[PDB]
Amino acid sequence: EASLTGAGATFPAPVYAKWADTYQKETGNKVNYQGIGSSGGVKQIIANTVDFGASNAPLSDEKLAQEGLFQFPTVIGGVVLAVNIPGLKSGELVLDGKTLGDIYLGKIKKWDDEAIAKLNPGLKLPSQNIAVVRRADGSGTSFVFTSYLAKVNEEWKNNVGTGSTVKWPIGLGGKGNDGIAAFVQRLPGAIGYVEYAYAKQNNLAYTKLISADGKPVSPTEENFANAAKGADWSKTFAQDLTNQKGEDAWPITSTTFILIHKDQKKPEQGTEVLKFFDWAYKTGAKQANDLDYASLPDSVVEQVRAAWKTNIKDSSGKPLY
């Protein structure tokens, strides 16, 4: 039995926690995962203070090479807009990218603003003031989110751009996905981006978004998987899944990566890390699904296994898988 430590992204925290828990029940191995945001997860794996790092934002091949890291995807989730609009229930408000962008730019200030009303014909929006919530900490969820907004709102692209941290035009800061969920819950008029599980687990109402193809879609597990149907994984794991074309493709979708050193100094920790993720691919699909994360197609996991053999070694050049 081994004791492993991981750290990083809160985006997959719910599933990683479940996997760890079940893994310890079934094998005795203990995986201690710390959700500190993707930014911290990357700083940590590089500082060698954990056995594996987790970031929703991929590292470039060059940067991976410069640090001696290897990254691989685990699950596919989706970022939803959680809201607290006295009167409205979940799934009923509809927004489109441009508008979502203007709300985060501080251009739209009330729920019954023309722009929103035009998008929700039958809705009776209250004239509540919108309280914008964004991440206070360095976030891979903030990266997927700002990557999507840059694609759908020109002013957002030119003035604040994309990033794990950016200069937010407006909004209160919340720490971690859980931080943002707690804020929306305590603030009438609140809107904040969170990975889907956090909205659902906390009974927070969310909106539908307009797909790249122009149709309103609900955030669900299968729609997260839809956004990924056209992803050419054979080309690379670092797949951008935001605003993808296709029927029922949720627009703010993202996979999430695990970062490990190619030259394993503590080969016993390395091996156990791989064994844990292998068990997760082989058996944790149900647990992921229960949590509304879409599993990666088998072809991709086979690619990940092949890569492990190819890239992960002890200092003797001996493969750990």
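When you see a residue number, it is the position in the sequence shown, counting from 1.
Handout entry: Stretch exceeding the other in mean C-alpha B-factor - 284-292, 263-271
Key = For C-alpha atoms only, the mean B-factor is higher in 263-271.
Practice task
Using only the Cα atoms and their B-factors as the entry lists them, report which of 83-91 and 134-142 averages higher.
Solution key: Mean CA B-factor is higher for 83-91.
Handout entry: Out of 185, 239, 165, 207, residue topping the C-alpha B-factor column of the entry
Key = The record points to 185.
Handout entry: Most elevated Cα B-factor in the entry, residues 99, 243, 223, 158
Key = Of 99, 243, 223, 158, 158 has the highest C-alpha B-factor.
Problem - Chain third (lowest, middle, highest) by recorded CA B-factor, residue given as residue 50 - result: It falls in the middle third of the chain.
Problem - Third of the chain's Cα B-factor distribution that residue 147 belongs to, per the entry - result: Tercile = lowest for this residue's CA B-factor.
Practice task
Going by the recorded CA B-factors, say which third of the chain residue 74 sits in, lowest, middle or highest.
Solution key: According to the entry, residue 74 has a C-alpha B-factor in the chain's lowest third.
Practice task
Within this chain's modelled residues, let me know which third the CA B factor of residue 9 belongs to: lowest, middle or highest.
Solution key: Lowest third of the chain for residue 9's C-alpha B-factor.
Exercise for the section: Among all modelled residues of this chain, ranked by Cα B factor, put residue 117 in the bottom, middle or top third, i.e. lowest, middle or highest. Expected result: Answer is highest: the recorded C-alpha B-factor places it there.
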